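Data first, discussion second: the structure below is written as structure tokens.
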Amino acid sequence: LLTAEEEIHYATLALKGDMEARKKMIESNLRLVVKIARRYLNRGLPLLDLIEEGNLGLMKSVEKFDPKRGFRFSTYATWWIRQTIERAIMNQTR
Ligand code: NA
Ligand code: NA
């Protein structure tokens with residue numbers, strides 16, 4: 001778990017392309033993916049698939065997270081994880 005000070009430090013580096021900072025941010029939020037994924041069960045995708053799609057969002061969330069927008073990383077990551085899951089559920093309809 002990252003302090004606010006640590007999170008902003010890593011976020012500033014991550015925004016500039018620092019992969020170690022991006023890794024630190026993702027590793028601190030791996031649990032968030034499973035927790036969110038569980039909320040989308042029984043919608044046509046099994047849990048492992050929901051985790052996989054959620055993971056896509058968590059990874060995307062460290063590519064351009066700007067602390068200056070005023071939101072904490074776990075918030076921005078939550079939005080992204082929900083979005084990639086919801087996208088995957090949409091894709092079940094062709
Ligand atoms: Na702090
Ligand atoms: Na926030």
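Note that the numbering runs from 1 along the sequence shown for the chain. Atom set for the values below is all heavy atoms of this structure, side chains included, hydrogens, waters and symmetry mates excluded.
- Between the CD atom of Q83 and the OG1 atom of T78 there is a distance of 11.0 Å, given to the nearest 0.5 Å.
- Counting all heavy atoms, side chain and backbone alike, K24 lies closest to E27 at O-CG, 3.3 Å.
- Considering only heavy atoms from C-beta on, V62 comes within 4.5 Å of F73 through its side chain.
- The closest side-chain heavy-atom distance from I8 to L2 is not below 4.5 Å.
- The minimum heavy-atom distance linking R82 with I36 is given by the pair CG-CG2, 3.9 Å.
- Formation of a donor-acceptor pair under 3.5 Å by the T84 side chain with backbone atoms of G57 is found in this model.
- Panel note: side chain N29, backbone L32; no donor-acceptor pair is recorded below 3.5 Å.
- Considering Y76, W79, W80 in turn, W79 is the only one that fulfils the ring-ring contact (aromatic ring centres under 6.0 Å, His included) rule with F71.
- Interatomic distance, OH of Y40 versus CG of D49, reported as 15.5 Å (0.5 Å rounding).
- The heavy-atom pair separating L50 from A37 by the smallest distance is CD1-O, 3.5 Å.
- For the residue pair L56 and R87, the shortest heavy atom distance occurs at CD2-NH1, 3.8 Å.
- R39 CZ: more than 12 foreign heavy atoms inside a 6.0 Å radius.
- The shortest non-hydrogen separation linking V33 to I51 is CG1-O, 3.7 Å.
- For the atom pair CD of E5 and NE2 of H9, the computed distance is 9.0 Å after rounding to the nearest 0.5 Å.
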### Query
Passes side-chain contact (heavy atoms from CB on, under 4.5 Å), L58 versus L30? Steps please.
CA-CA 8 Å; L58 175 61; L30 289 175; 4.2 Å; yes

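- Between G44 and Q92 the shortest heavy-atom distance is O-NE2, 4.4 Å.
- Hydrophobic clustering (ILVMFWY, side-chain heavy atoms < 4.5 Å, transitive): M59 and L13 are in distinct clusters.
- Atom OG of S28 sits about 7.0 Å away from atom CD of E7, to the nearest 0.5 Å.
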